[PDB]
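Position 1 is the first residue of the sequence, and the numbers go up from there. Computation of the quantities below employed the complete heavy-atom set of this structure, encompassing side-chain atoms and omitting hydrogens, waters and symmetry-equivalent molecules.
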Amino acid sequence: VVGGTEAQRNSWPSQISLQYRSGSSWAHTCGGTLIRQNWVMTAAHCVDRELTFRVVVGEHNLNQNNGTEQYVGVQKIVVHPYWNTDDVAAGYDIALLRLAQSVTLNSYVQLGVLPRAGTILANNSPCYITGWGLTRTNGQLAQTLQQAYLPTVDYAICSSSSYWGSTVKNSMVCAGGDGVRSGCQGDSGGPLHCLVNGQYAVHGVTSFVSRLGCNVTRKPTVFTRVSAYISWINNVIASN
Ligand code: NA
């Protein structure tokens, strides 16, 4: 997250860190949202590589013991069947991870609530992106979980020629684009939390930013629109 602030450690208890095994260590690669005690929602592109993945719930500082973490292996990966890794612009950038164990819930570990199917946010709706991704274009990962306030940009504006044009689809949410605050590499897969009727819900799964940089004016961060995939998510969980 470029232009973020440090999150309070109990603000976003559905945020997870998706990590891969790297030598004798683990490396953060993506975010995700805990949606059942044994299921995480993330981006499909996060799990393109043939790696050994784990999820960390209750994580705040990637580099220090928080005293709240639970570490769990990924047992099964179900990528959306229409996903195509060389065409992120087509959409379908979503995957479900079944965890090897069910995590225990507490103030640091909670299920993300998802929007009702079909919900579309008004332009300029209030949302926060969260994650450990780069804090500058071509920078380094955050140590502590970051948040940035990223107002939505509706489809009509986001798909206009000076924004994303054809690349953004109605199955996506755009947010931000002010040139200061954005998602960045390592935030993919994590949540966009939007405040609706007094309750935050996870309306987006972070999917992509500009090839020209993270915080680029009129290139809002682009998220998979969770409310377009409710039936898919429910069908996957029911059949696994
Ligand atoms: Na930690």
Side-chain angles (χ1 to χ4, degrees), residues 1-20 22 25-34 40-43 45-49 51 53-66 68-69 88 93 108 112 126-153 158 163-164 172-195 200 202-224:
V1 178
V2 182
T5 59
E6 186 183 2
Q8 183 168 302
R9 65 174 69 245
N10 55 8
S11 287
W12 312 113
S14 70
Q15 170 85 59
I16 73 74
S17 170
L18 182 61
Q19 311 189 340
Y20 67 90
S22 184
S25 193
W26 291 92
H28 173 89
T29 193
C30 277
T33 300
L34 190 69
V40 163
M41 176 177 67
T42 190
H45 83 253
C46 291
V47 290
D48 280 330
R49 294 180 289 175
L51 307 172
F53 294 103
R54 76 180 185 178
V55 158
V56 192
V57 303
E59 183 65 289
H60 185 67
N61 190 316
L62 288 174
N63 299 89
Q64 295 181 12
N65 178 26
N66 292 120
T68 57
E69 303 95 326
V88 67
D93 196 3
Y108 309 99
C127 305
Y128 284 90
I129 192 177
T130 57
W132 293 271
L134 307 186
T135 62
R136 292 203 61 186
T137 298
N138 296 314
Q140 66 183 319
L141 297 175
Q143 309 200 56
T144 60
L145 186 64
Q146 303 288 294
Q147 65 188 54
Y149 183 72
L150 302 187
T152 66
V153 179
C158 197
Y163 285 73
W164 281 103
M172 297 166 189
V173 176
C174 301
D178 76 352
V180 179
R181 296 173 279 195
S182 68
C184 205
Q185 286 75 21
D187 292 319
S188 292
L192 182 69
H193 313 267
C194 304
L195 183 55
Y200 280 99
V202 179
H203 283 249
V205 173
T206 304
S207 180
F208 63 93
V209 294
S210 178
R211 273 186 299 99
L212 187 65
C214 292
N215 56 307
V216 168
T217 305
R218 297 192 178 207
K219 292 291 177 291
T221 307
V222 184
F223 303 81
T224 304

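Among all heavy-atom pairs drawn from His203 and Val173, the shortest one is O-CG2, 3.9 Å. Nearest heavy-atom pair, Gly176 versus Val153, reported as atom, atom and distance to 0.1 Å: O-CG2, 3.6 Å. Of all non-hydrogen atoms in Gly183 and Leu150, the two that sit nearest each other are N-CD1, 4.4 Å. Smallest separation of non-hydrogen atoms from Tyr163 and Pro220: CD2-CD, 3.8 Å. Pairing each heavy atom of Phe223 with each of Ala175, the nearest pair is CE1-CB, 3.8 Å. Between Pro126 and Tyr149, the closest heavy-atom pair is CB-OH, 3.5 Å.
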Full working for side-chain contact (heavy atoms from CB on, under 4.5 Å) between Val40 and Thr33: CA-CA 5 Å; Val40 163; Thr33 300; 6.0 Å; no
Chi angles and distances behind the side-chain contact (heavy atoms from CB on, under 4.5 Å) call for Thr152, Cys127: CA-CA 7 Å; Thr152 66; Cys127 305; 3.6 Å; yes
Residues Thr221, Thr206; criterion side-chain contact (heavy atoms from CB on, under 4.5 Å); working and verdict: CA-CA 8 Å; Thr221 307; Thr206 304; 4.2 Å; yes
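Contact check for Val222 versus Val88: no side-chain heavy atoms found under the 4.5 Å cut-off. The shortest side-chain heavy-atom distance between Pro191 and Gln15 falls under the 4.5 Å cut-off. Looking at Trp132 and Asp187, their side chains never come closer than 4.5 Å, going by heavy atoms from C-beta outward. Residues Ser17 and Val55 have side chains not in contact (no heavy-atom distance under 4.5 Å, counting atoms from C-beta outward). Side chains of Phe208 and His45 form no contact here, defined as non-hydrogen atoms less than 4.5 Å apart. For the pair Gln19 and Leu62, the minimum side-chain heavy-atom distance is below 4.5 Å. Between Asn66 and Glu59, some side-chain heavy-atom pair lies under the 4.5 Å cut-off.
Between the side chain of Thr42 and the main chain of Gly31, a donor-acceptor pair closer than 3.5 Å is present. For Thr224 (side chain) and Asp93 (main-chain N/O), a donor-acceptor pair under 3.5 Å exists by modelled atom type. With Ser210 contributing its side chain and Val216 its backbone, the two residues share no donor-acceptor pair below 3.5 Å. Proximity of a side-chain donor or acceptor of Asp178 to a complementary backbone N or O of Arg181 within less than 3.5 Å is detected.
Note that CZ of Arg218 and CH2 of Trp164 are 14.5 Å apart. Values are rounded to the nearest 0.5 Å. Remark: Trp26 CH2 to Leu51 CG distance equals 10.0 Å, nearest 0.5 Å. A distance of 8.5 Å separates CG of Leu212 from NZ of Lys219, quoted to the nearest 0.5 Å. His28 contributes atom NE2, which lies 13.5 Å from atom OG of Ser22 (distance to the nearest 0.5 angstrom). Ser188 contributes atom OG, which lies 10.5 Å from atom CG of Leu18 (distance to the nearest 0.5 angstrom).
No side-chain donor from either of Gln147 and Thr130 sits under 3.5 Å from a side-chain acceptor of the other. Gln8 and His60 share no donor-acceptor pair across their side chains, judged by distance under 3.5 Å alone.
Partners of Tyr20 under the ring pair (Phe, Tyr, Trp, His ring centres under 6.0 Å) rule, at least two apart in sequence or in another chain, do not exist in this structure. For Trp12, the ring pair (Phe, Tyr, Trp, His ring centres under 6.0 Å) partners are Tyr128, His193, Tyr200, not counting sequence neighbours.
Few gaps surround CZ on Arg54; more than 12 heavy atoms of other groups in view lie less than 6.0 Å from it.
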Would you tabulate the side-chain donor-acceptor contacts of residues 135-146 under 3.5 Å, counting partners in other chains and residues two or more places apart, or write 'none'?
unit_1: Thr137; atom_1: OG1; unit_2: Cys214; atom_2: N; d: 3.0
unit_1: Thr137; atom_1: OG1; unit_2: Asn215; atom_2: OD1; d: 3.4
unit_1: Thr144; atom_1: OG1; unit_2: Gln146; atom_2: NE2; d: 3.3
unit_1: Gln146; atom_1: NE2; unit_2: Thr144; atom_2: O; d: 3.1

